[PDB]
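Asks: take a look and give me a structure for this.
(2 chains)
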Amino acid sequence: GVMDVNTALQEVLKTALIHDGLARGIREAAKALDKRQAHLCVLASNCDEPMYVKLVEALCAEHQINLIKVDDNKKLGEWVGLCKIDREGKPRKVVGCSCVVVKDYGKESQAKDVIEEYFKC
Amino acid sequence: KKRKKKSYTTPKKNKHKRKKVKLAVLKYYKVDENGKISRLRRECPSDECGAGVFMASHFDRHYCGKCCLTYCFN
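Replies: Residues are numbered from 1 along each chain as shown, chains lettered A, B, ... in the order given. Find the structure here:
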């Protein structure tokens, strides 16, 4: 019954999903980041590629954007309803860059407020 | 009529094969005295394209998809 980033992330990622967003991989994100159309990206935790993580840190240093590091992603993957493909297989949700500012054109929540408070500190 | 039998040549042609990097590293690189992502690919001056558009710098020409400009090096 207490709000936090660990619960605001679910709502914000879901809101992005309802309005596309969730830029999978580096592609389709370079355009927006070089146009400064994004202000919150979620990256995979415990990523096994040192070159990718150092490149992402450099990209964050370019536009001065924090990236949230949360362990135990399986709860998030279950929350986002990620099995897809009817019921065959199991793709995983590991990275997403959200377009058009922090909040999309849809619903507004205090999840935005708490995420912004965490962002400012 | 019989079967048309379109099998004189090419015993079984398939769709085009495209192989992609898991996470592209040929787009940005280090070694430019910069702590940020360093630009080796040519930046498109056209407004209708941008810095996220990577005209593939192959052995010849620039391949865009919308304007397809060409630069000669000689």
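
Asks: any idea which element the residue in chain B that chain A sits nearest to lies in?
Replies: Here chain B gets closest to chain A at one residue, residue B:52, 2.6 Å apart by CB to the nearest CB. C-beta: built from backbone N, CA, C; applies to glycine. Residue B:52 belongs to no helix or strand when elements are defined using DSSP states H and E.

Asks: thought it was touching residue A:37?
Replies: No. Between residue B:52 and residue A:37 there is no contact under CB atoms under 8 Å: 10.1 Å.

Asks: mutual contacts of these two, please.
Replies: Common contacts of residue B:52 and residue A:37 (CB atoms under 8 Å, 6 or more residues apart in numbering or on different chains): residue A:31.

Asks: before we move on, back to that, pull the contacting residues for the residue of chain B closest to chain A.
Replies: Applying CB under 8 Å, 6+ apart, the residues near residue B:52 are A:28-35.

Asks: next, count neighbours for residue B:27.
Replies: By other CB atoms under 10 Å in any protein chain shown, 17 other residues sit near residue B:27.

Asks: just confirm residue A:82 contacts residue A:92, I think it does.
Replies: Yes. Using CB under 8 Å, residue A:82 is in contact with residue A:92, at 6.8 Å.

Asks: the two: which is more packed in?
Replies: Between residue A:82 and residue A:92, counting by other CB under 10 Å, residue A:82 is the more crowded of the two (14 against 9).

Asks: how many neighbours does the closest residue in space to the more buried one that isn't next to it in sequence have?
Replies: Nearest non-adjacent residue to residue A:82, counting by CB to CB, 6 or more residues apart in numbering or on different chains: residue A:93, 4.9 Å away. Close neighbours of residue A:93, defined as other CB under 10 Å, add up to 20.
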